[PDB]
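Encoded as structure tokens, the following chain is the form deposited in one PDB entry, with no partner shown.
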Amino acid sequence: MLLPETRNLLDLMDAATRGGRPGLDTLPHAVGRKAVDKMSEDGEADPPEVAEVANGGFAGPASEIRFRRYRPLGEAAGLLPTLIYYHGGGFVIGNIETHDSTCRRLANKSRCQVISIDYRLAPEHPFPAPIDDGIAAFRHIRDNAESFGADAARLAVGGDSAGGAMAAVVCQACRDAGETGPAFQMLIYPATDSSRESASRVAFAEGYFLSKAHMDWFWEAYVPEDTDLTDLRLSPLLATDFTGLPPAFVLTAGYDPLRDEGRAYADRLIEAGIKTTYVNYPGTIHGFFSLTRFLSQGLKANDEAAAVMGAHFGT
């Protein structure tokens, strides 16, 4: 069932709870963010060297959107294939600094450029603000490819949990509005359905790092009181038509509330005739893709994600 390394980390977390570490769901949103942001930074493996890191901003829909570009070791070409990466944290926590090590590694193994986006967070900017920025970021980089050292032909989106949701909504938004969408979508244990509780959401609601308590706390902040839970920007799995979506890589963990909706999305793409890789990492938890200081499986996962995307773009 659980890998030894996964069991060991859940035990260390339980030890810290009994030790007197507060629950994230007990703190106010702004205070809990600062606290968890430092713990996330410290859970990622030591950041590898890349060719070049660039830090900048551009005009968003209703604020400045900050980004970080990562140029991989050994790639001298001007315009590189590019992954636009949306960090996770339930549209409330996380930022560019929390997913830095992961992004550096993706860049090096894929031989692609990675552009990490810093979208607006709830509760200060609730739904639909974080998705509006993610879409604004894709459009800005698509239409200014050369500014970002990006090859417009080979421009990909991706992310983890809420960032995975964001990546999936960006493709659906671009398809539904008739414009040029990404060339590839990388969904790391994404959130694709708010309308229903799957078997995994019920089964792994307690004691597997991402709990129901956490998900309610994010929900409190992200969603204005009376919203249709079946809105495709909250629940992209309920989309009517999956044709004309870009080729997809989808990853799930075994002990992740989100496993079943992750795999359902993959099934919807496969049956609609979209080129699609699907991988399940059983015996590990939500977060493992960036908990790489404690979880070796996370590093192997980054490498599988990077490798598949390099194979698609011929890097």
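Residues that one form lacks are left out of the comparison. Superpose the two forms; the largest set of C-alphas matching within 1.5 Å is the rigid core. Residue positions are given as counts along the sequence shown, with the first one as 1.
Just so you know, the form deposited in another entry exists too; it's not on screen, but the next bit is about it.
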Which one moved? Candidates are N95, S198, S211, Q172, criterion is a Cα shift of 2 Å or more between this form and the one not shown after superposing on the core. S211
Relative Cα spacing, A45 and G207, in the other entry - shift of 3 Å or more: farther
Direction of the Cα shift between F209 and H99 in the other entry, where the change is 3 Å or more: farther
Send over the list of consecutive residue runs, 3+ long, where the C-alpha shift is 2 angstroms or more at every position between this form and the one not shown on a core fit. 205-215
